[PDB]
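For reference, the chain that follows is the form deposited in one PDB entry, supplied as structure tokens.
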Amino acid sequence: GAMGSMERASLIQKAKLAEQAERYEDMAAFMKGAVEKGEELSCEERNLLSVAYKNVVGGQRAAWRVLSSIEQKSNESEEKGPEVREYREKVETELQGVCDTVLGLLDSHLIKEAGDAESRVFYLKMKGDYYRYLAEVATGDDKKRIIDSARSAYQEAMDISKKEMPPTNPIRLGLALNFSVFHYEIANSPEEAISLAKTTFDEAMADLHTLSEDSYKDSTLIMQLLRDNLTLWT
């Protein structure tokens, strides 16, 4: 790797600079280099890793959706050649490459070394998320297996989070939010999505009384996203 000669602490420092400059591809490359040093990541470092790759894949997903919509309109009327499909495929392949990179970091060896609930749930949620992004573009004989891989990662994360974290924990809430999106948008299970969002919101509501002002703000921000989805879905 091109980051093999840079100090771990320097990679982290530069990832933070890249974030300030909105240079998310650089940020992701720095954080990949930091992961590959082989040490476990702190809470701050895990969040840097997620912010970096979420922004990279977010731009790719937005572009893929634009190109996929153009391609769909083209197949309704004048023939324009292979260019739309070719370019959609180019963006899709780069998206899949980023997802494979993230999944590879989780598999070598972030998940297997993560013993505390906060780290393990965070990484398993990420695994579900990046399989979900792969599922968004999957169309062939592997769509079912990709969907099953996302479901399995989310389910393992859910089981740990329910046993080890309070219902207001932001990681637990964000996991439940994303698993509900998986059910609605990927798994053709809107009723499961709605039930999960409702139960998650209500259990968090009942635990808010235990929280400080700052933790209350952290939890209610995610709870509002669950409510926004319920409003969209019902």
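Each form is matched to the other, and the largest set of C-alpha atoms that superpose within 1.5 Å is called the rigid core. Start at 1 and count along the sequence shown; that's the residue number.
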| query | finding |
| --- | --- |
| Residue gap status of residue 79, at least a third of other entries | yes |
| Mean Cα B-factor comparison, 86-94 or 138-146, giving the higher one as deposited | 138-146 |
| Selected stretch [higher average CA B-factor]: 211-219 or 9-17 | 211-219 |
| Candidate set 153, 106, 117, 99 [ranked by C-alpha B-factor, highest] | 117 |
| Residue selected from 27, 181, 66, 197 by maximal Cα B factor | 66 |
| Among modelled residues of the same chain, the CA temperature factor third for residue 38 | middle |
| Third of the chain, ranked by Cα B-factor, where residue 50 sits | lowest |
| Lowest, middle or highest third - CA B-factor, residue 112 | middle |
| Ranked against its chain, the third holding the CA B-factor of residue 159 | middle |
| Assigned third (lowest, middle, highest) for the C-alpha B factor of residue 57 | middle |
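One more form of this protein, deposited in another entry, exists but is not displayed; see below.
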query: Displaced residue check between the shown form and the other one: residue 17, CA, 2 Å or over, core reference; finding: no
query: Residue shift check between the shown form and the other one, rigid core fit, residue 225 Cα at least 2 Å; finding: no
